[PDB]
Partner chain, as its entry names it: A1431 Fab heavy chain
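In the block that follows, a single chain appears as structure tokens, in the form solved without its partner chain.
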């Protein structure tokens, strides 16, 4: 059996799998108060992509399609295409187009467009509100609020590039986005389907280990914390390697290569998430060259050294 491995990359060398930004830090905290069911950054250790997860770090929270103006507004409806501009297949066994945002919030970035006939181009700031009833990416349709009332043309390739998140400063601060609330990918037309499962640690004394970034904020007082369950590079790696899983739990050690010392150990579950033995909120203190190293497959009874 091909030996399982994780990448030799530091945290700061890696990328969030839920928004196209670098990782910053490792965080652990209790998660009983919410449902942890992200759909990006979901992959088994033997390389099966789950949810809306795809390989490209730059395609996370991007959309592509054609747009139609909503008369009397600055809003546009986008009829989605696939990430390579092929027709979007709404019958694929996924919750939504690959890379669709997996949280309720207002995501700001730019819409850009090229006129096929002559190579003329145009671009405008735009925001997608993933909690609104017009956010129906599984159906192939979403809406953007933009800074134009007439510039985008119909029947022309149009891309949304995400930048960051927005909040309404008149509501309680940091009340949005809600990173652990999934959109309704078909709006009010249907329930979510083909979801990667919710994750919840149940081994005594364990919490999830989160790979954390701070999303750019574009307006108001947003909650900019964004926690993913796997770095994007781990998704990419497992997809490549497809190493057989011996058991349901891979034991990783986080090591300082300068000293050889183990800082902590953690469980990488076959279904694609990480737990540590800790209780409470904690920003992990790690050396700048530290990285994760797979050491062995362990059984259901294995108890981690306390963090």
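Positions refer to the first chain, counted from 1.
Below, we refer to the form solved in complex with its partner chain, which is not included among the displayed structures.
Trainee: Only one of 181, 139, 195, 81 has a non-hydrogen atom within 4.5 angstroms of its partner chain in the deposited bound form; which is it?
Mentor: Exactly one listed residue reaches within 4.5 Å, namely 181.
Trainee: Do residue 134 and its partner chain share at least one heavy atom pair within 4.5 Å in the deposited bound form?
Mentor: Taking the distances in the deposited bound form, the answer for residue 134 is no, it never comes within 4.5 Å of its partner chain.
Trainee: Determine whether any heavy atom of residue 281 comes within 4.5 Å of a heavy atom of its partner chain in the deposited bound form, and answer yes or no.
Mentor: Residue-level check for residue 281: yes, a contact with its partner chain.
Trainee: Heavy atoms within 4.5 Å of its partner chain in the deposited bound form: does residue 129 have any?
Mentor: Residue-level check for residue 129: no, no contact with its partner chain.
Trainee: Does residue 223 reach its partner chain in the deposited bound form if we count a contact as any heavy atom within 4.5 Å?
Mentor: Contact with its partner chain, yes.
Trainee: Quick one: in the deposited bound form, does every one of 34, 174 and 177 get a heavy atom within 4.5 Å of its partner chain?
Mentor: Checked in the deposited bound form: all three residues contact its partner chain.
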